[PDB]
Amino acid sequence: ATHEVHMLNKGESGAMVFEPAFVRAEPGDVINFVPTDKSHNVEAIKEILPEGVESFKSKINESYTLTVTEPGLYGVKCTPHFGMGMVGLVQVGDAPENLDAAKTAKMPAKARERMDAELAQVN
């Protein structure tokens, strides 16, 4: 299955956001990060990444494709807008092995606010 996440300056959900900010996926799924606005990218939050998964960091203003096969939680940030809370979360499979790391990972205050809102969607 494919998924689409827009990178926005000012969405309904706030300034500097991934929309949707939470994605439920299954192994083999493709997630496309789309620059609806300029100034954004996507980068893994190394504290919120499943076992095996290579770090990644996309170029500003471009699309990025993330293929997910390892189960668990994948935390993503926009590199220049992490401080402003531009973070997202992908859950692959059901109960995630790295749930607690996501709950406790150090990040800027607005990022932690948004990450907590995302963690509440964990199915």
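Throughout, we count residues from 1 along the sequence that is shown.
- Item | Higher-scoring stretch by recorded Cα B factor average, 24-32 or 38-46 | Averaged over C-alpha atoms, the B-factors run higher in 24-32.
- Item | Per the entry, higher mean C-alpha B factor between 52-60 and 78-86 | Stretch with the higher mean C-alpha B-factor: 52-60.
- Looking at the C-alpha B-factor of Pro71, is it in the lowest, middle or highest third of its chain? Tercile = middle for this residue's CA B-factor.
- Query: Compared with the other modelled residues in the chain, in which third is the CA B-factor of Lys10?
  - Reply: Its C-alpha B-factor, which the entry lists for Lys10, ranks in the highest third among residues of this chain.
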